[PDB]
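> A structural model of the following input is requested.
(2 chains)
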Amino acid sequence: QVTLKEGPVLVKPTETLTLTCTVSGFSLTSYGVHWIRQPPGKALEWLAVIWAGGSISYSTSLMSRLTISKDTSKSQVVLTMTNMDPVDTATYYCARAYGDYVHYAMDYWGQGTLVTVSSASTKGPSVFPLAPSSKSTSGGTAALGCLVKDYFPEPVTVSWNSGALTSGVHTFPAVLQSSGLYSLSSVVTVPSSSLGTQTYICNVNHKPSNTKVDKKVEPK
Amino acid sequence: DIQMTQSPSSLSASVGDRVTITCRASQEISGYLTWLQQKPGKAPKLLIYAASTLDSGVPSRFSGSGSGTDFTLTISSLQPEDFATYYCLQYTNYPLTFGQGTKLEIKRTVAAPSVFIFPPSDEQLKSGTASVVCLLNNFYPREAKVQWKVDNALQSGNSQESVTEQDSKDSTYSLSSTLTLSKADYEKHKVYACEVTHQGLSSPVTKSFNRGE
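Residues are numbered from 1 along each chain as shown, chains lettered A, B, ... in the order given. For reference, the structure is listed below:
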């Protein structure tokens, strides 16, 4: 399988970002690797490329702050970005250039690394149940959820019953409160007949603080 | 830098419609033009390269045309899973530059929200804060009004909302509104209600509870 694997990171301002793109299924002596970033809500921006033969190109406005290295034995390409500023907050992607340096197709992409630049400190989330009740029961369907409050930086990932429960799950985009901390909720609609027999657990992972919380949502 | 002018920036179309997105380069770029599709929260996906070569596995309803400076992406018989932001990208010279994107929304019939309300948990109250959550599920279009009332008093400046992206299958939206109060404020009053106005509701829907009941 051709894969490119890049975790989310908090960088303090003026300090240095190091991003690793670990590839599999192809050789770094045969393919180039591009770096592309995307600020929240904005368009993609091209950053740099290292070609199979080692030639490198950088975005002109950012060239002084960027360096790329390659380690073929490790199948890793590493992008270093110095003097980070809060405007550098973005999701950073690596992508393979199938072809040569002239004709190529950006066919495979890494999952993307959310990079936050901020003087704020990391904080793990508190997870609270959104309990199903008669106030959350439409006909034969009940709604329940989890409130994931007061964490920094983004992101958290939420699953239900270790991925078994997917239909009817809505995990909302995180909201930034005035405190500078994030909160979100994840909700699911289920048969009310199941509330007494089926266990509903939200699985919350906040990698930046290495926090994992499993919270059962008890029926009220 | 080569400027890529992409148009329109936002578009709404129905299932089965044909949609057209254009991209104009400020210089000749021959056929070094790629179209990408990016679903919310995910890495971009390659649709077309060399201006008109469909990438393997991409449905034949996607098509690219043009060479030189003017390029078109055509989507025939739009499908619900085609909601996404689409980008053109030139790669004839460095720096590579993108068009600024086209957000494609899927049009469907009006669907009223089913509304649910959640009191704060005992666990959250123990930490001295109280969040009340109002859930609007599986509705269309996105526009909705959620008003919070505490003891029939209209609340302002103490609620935040969040909306999901369009569902990939039924093209609906869901929305949460969170009213956050101090514990002392929550423990003083009794009736908490969210009143929902939406095009699919002939009259507003109010869901409420009485604290500790």
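
> what about residue B:115, helix or strand, and which?
For residue B:115, the host element (DSSP states H and E) is strand B:114-118.

> Neighbouring strands - and their directions - for that strand?
Applying DSSP bridges, strand B:114-118 is found paired with strand B:129-139 (antiparallel).

> now the angle between strand B:114-118 and the following helix or strand past the partner strand, please.
Using DSSP H and E, the helix or strand that follows strand B:129-139 towards the C-terminus is strand B:145-150. Angle, strand B:145-150 to strand B:114-118, by axes from the mean of the first three to the mean of the last three Cα atoms, to 10 degrees: 30 degrees.

> My guess is residue B:207 contacts residue B:119. True?
No. Contact between residue B:207 and residue B:119 fails when scored by Cβ atoms under 8 Å: they sit 11.2 Å apart. Bear in mind the C-beta positions are built from the backbone N, C-alpha and C, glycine included.

> any idea how far residue A:22 is from chain B?
15 Å (Cβ to the nearest Cβ, to the nearest Å).

> Okay, buried residues for the helix or strand harbouring that residue please.
Using DSSP H and E, residue A:22 falls within strand A:17-24. Buried residues in strand A:17-24, counting neighbours by 16 or more other Cβ atoms under 10 Å in any protein chain shown, are found at A:17, A:19, A:20, A:21, A:22, A:23.

> Provide the contact partners of it at residue level.
A:1-6, A:9, A:11, A:33, A:35, A:74-82, A:84, A:88, A:92, A:94, A:96, A:110, A:113, A:115 (Cβ atoms under 8 Å, 6 or more residues apart in numbering or on different chains).

> Give me the three-state assignment for the spatially most central residue of chain B.
Central residue of chain B (Cα atoms, centre = their mean): residue B:165, 3.5 Å from the mean position. Here residue B:165 takes the coil state, with states given by DSSP: H, G, I helix; E, B strand; the rest coil.

> For the helix or strand following the strand holding residue B:115, what is the distance to the chain centroid?
Once strand B:114-118 ends, the next helix or strand along the chain (criterion: DSSP H and E) is helix B:122-126. Taking Cα atoms, centre = their mean, to the nearest Å, one finds helix B:122-126 lying 32 Å from the centre of the chain it belongs to.

> tell me what helix B:122-126 is packed against?
For helix B:122-126, the elements it packs on are strand A:126-130, judged by 3 or more Cβ pairs under 8 Å, 6 or more residues apart in numbering or on different chains; DSSP states H and E.

> partners of the strand it packs on in the sheet?
Going by DSSP bridges, the partners of strand A:126-130 are strand A:141-151 (antiparallel).

> Could you export whatever helix or strand comes next after the strand it pairs with as PDB, CA atoms only?
As assigned by DSSP H and E, the chain's next helix or strand after strand A:141-151 is strand A:157-160. This file holds the C-alpha atoms of strand A:157-160, laid out as PDB (Å, rounded to 0.1, in the frame of the first residue of the first chain):
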ATOM      1  CA  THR A 157     -11.300  12.500  18.200                       C
ATOM      2  CA  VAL A 158     -14.500  11.000  19.400                       C
ATOM      3  CA  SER A 159     -15.800   7.500  18.700                       C
ATOM      4  CA  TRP A 160     -18.700   5.500  20.200                       C
END
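
> Count the residues that sit near residue B:154.
9 (other Cβ atoms under 10 Å in any protein chain shown).

> looking just at contacts, which helices and strands does whatever helix or strand comes next after the strand holding residue A:22 meet?
Note on strand A:17-24: by DSSP H and E, the next helix or strand toward the C-terminus is strand A:32-38. Strand A:32-38 sits against strand A:17-24, strand A:45-50, strand A:90-99, with contacts defined as 3+ Cβ pairs under 8 Å, 6+ apart.

> Could you name the residue of the chain that is farthest from its center?
Chain wasn't specified; assuming chain A. residue A:139 (36.7 Å).

> sorry, should have said chain B
Most peripheral residue of chain B (Cα atoms, centre = their mean): residue B:188, 37.4 Å.

> Residue A:147 contacts residue A:156, doesn't it?
No. Between residue A:147 and residue A:156 there is no contact under Cβ under 8 Å: 11.6 Å.

> For residue B:102, list each beta-bridge partner.
Residues in beta-bridge contact with residue B:102 (DSSP bridges): residue B:86.

> Can you name every helix or strand that the helix or strand containing residue B:35 contacts?
Assessed by DSSP H and E, residue B:35 sits inside strand B:33-38. Under the contact definition 3+ Cβ pairs under 8 Å, 6+ apart, strand B:33-38 sits against strand A:104-109, strand B:45-49, strand B:62-66, strand B:84-90.

> Mind listing the strands it pairs with, and their directions?
strand B:45-49 (antiparallel), strand B:84-90 (antiparallel).

> Give me the domain ranges for chain B.
Per the record, chain B has its domains at B:4-107, B:114-210, by automatic domain parsing.

> so which of those domains gets nearest residue A:122?
Residue A:122 lies closest to domain B:114-210 among those, at 19.2 Å (Cβ to Cβ).
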